[PDB]
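Numbering (UniProt numbering), first residue to last: 302 to 755.
We put the CB at the ideal spot given by N, CA and C, even for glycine.
Comments concern the structure below.
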Ligand SMILES: [Zn+2]
């Protein structure tokens, strides 16, 4: 069982939701909750209600859809010490002493260890990519772009015989190219196009067509409390297209390298951050002290995550200037130095099955794949290797073999997180848990997503 503030993503009839554990319980309470007198816990049978979460299958080592049968609510007191676990990524997990986590050992074996057995430096199995295909939908991109550079208001004609009040949508951008793409879409989708206006360095279109304004007003309804439900309920393709539009509008690519997306809409930024993490992209939020307030900035700096960000969102960016910069900072990456404690000989055994040859140059390790030489840092001598270096080698190994087992290893590595801090407490805490059929674990967490076991 874990703290009620942990975020979780789940679906019904293909309809996805993103809420905290508390809210998930509150949402199905009407179905009637029963009290388990023996275990002093409250439950709710949702076995008949199709509820699915993201589950990890230790066997095939991939992410699968897990069936939830019961949602539990617990009241833990001072008789039990709670364990707070924080990873390098900032991911937070407050749980019970016996609650087990999936741990990757140096020998590349997955084992379960309870929260009280964990120690700084342990490798936890966290949110990871599913490798599936994703489709770009322009309609949702435009909704995301409007969310960032659009403005809705009321236009009063005030003309005699035509005194009506219409909804007006004005979209702004510093590039005229953006509007040529939008007009092309608007013309074919709504049979309407707009002359591109200019007002001192800034371009914009003024839209008053009832069918277009209402179409987008309805898609963005609820943006104040997070990702709009109309979008979110539609799944990955809609949400990802939406984020891309959001990034095109306000996203920034730095030379760290990395990407940043800041807005004053805390709830929206939080939701996007948790949604990206659930897809294997290690994003985090940072607060930027501003003039009259605070800006919530989503950050992605992990090389492997940036690369993944590029494949799911980056390549679909409409602003060719940001897209190109991202590709450049990516093809020129120095290297994330944080080394994962993994044994080289164990990896060597596994990789030999593919014909991978290994050479050494002093303390440096080198892998040979298709005549190409790839540096693996000082792996064979330190039994430590950086996620970035290992991700680069595995992408090469997959490109040369097209073998699903390799792809699976790659995704596993991309999702890894490392325990940085572990604290305790005995304060009033109401925890929740989910009984997942077969897999017995689901994806959830605060400022990150990690696979928690039943
Ligand atoms: Zn008026």
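Does residue i come out as helix, strand or coil in the three-state DSSP assignment?
| i | result |
| --- | --- |
| residue 350 | coil |
| residue 406 | coil |
| residue 658 | strand |
| residue 328 | helix |
| residue 316 | coil |
| residue 418 | coil |
| residue 440 | helix |
| residue 339 | helix |
| residue 376 | strand |
Take residue i and list the residues in its own chain whose beta-carbon comes closer than 7 Å to its own, dropping the five residues that flank it on each side.
| i | result |
| --- | --- |
| residue 503 | 473 and 475 |
| residue 709 | 362 and 363 |
| residue 395 | 303, 304, 383 and 385 |
| residue 352 | 311, 313 and 369 |
| residue 493 | 487, 510 and 513 |
| residue 679 | 664, 665 and 666 |
| residue 262 | The requested residue 262 does not occur in the structure, where the chain is confined to residues 302 to 755. |
| residue 491 | 510, 512 and 513 |
| residue 609 | 430, 581, 582 and 715 |
| residue 730 | 304, 377 and 383 |
Could you tell me which residues DSSP puts in a beta bridge with residue i?
| i | result |
| --- | --- |
| residue 725 | 384 |
| residue 751 | 427 and 745 |
| residue 334 | 345 |
| residue 761 | The first residue shown for the chain is 302 and the last is 755, placing residue 761 beyond what the model contains. |
| residue 392 | DSSP, once it has assigned bridges, lists no residue as partnering residue 392. |
| residue 589 | 596 |
| residue 356 | 365 |
| residue 304 | 732 |
Anyone know if the C-beta pair for residue i and residue j falls short of 7 Å?
| i | j | result |
| --- | --- | --- |
| residue 430 | residue 712 | yes |
| residue 597 | residue 582 | no |
| residue 441 | residue 471 | no |
| residue 736 | residue 371 | yes |
| residue 749 | residue 390 | yes |
| residue 483 | residue 544 | no |
| residue 409 | residue 745 | no |
| residue 578 | residue 716 | no |
| residue 468 | residue 550 | no |
| residue 643 | residue 707 | no |
| residue 558 | residue 460 | no |
| residue 317 | residue 536 | yes |
| residue 641 | residue 693 | no |
| residue 354 | residue 740 | no |
Below 6 Å CB to CB, which residues in the same chain sit around residue i once its five sequence neighbours on both sides are set aside?
| i | result |
| --- | --- |
| residue 375 | 302, 342 and 732 |
| residue 603 | 583 |
| residue 433 | none |
| residue 508 | 470 |
| residue 457 | 466 |
| residue 446 | 546, 549 and 550 |
Excluding five sequence neighbours on each side, which residues of the same chain lie with their C-beta closer than 8 Å to the C-beta of residue i?
| i | result |
| --- | --- |
| residue 420 | 720 and 723 |
| residue 704 | 655 |
| residue 566 | 524, 525 and 597 |
| residue 321 | 305, 306, 307, 308 and 309 |
Could you give the uninterrupted runs of the beta strand (DSSP E) lying entirely in the stretch 595-656, keeping only those of 3 residues or more? 595-601
Any chance you could list the alpha helix (DSSP H) runs of at least 4 consecutive residues sitting entirely within the UniProt domain "DOD-type homing endonuclease 1" (443-582), in chain order? 477-491, 511-521, 530-533, 537-551 and 567-578
Taking the runs of the alpha helix (DSSP H) that are 4 residues or longer, which of them lie wholly in the stretch 663-733? 680-683, 688-702 and 705-716
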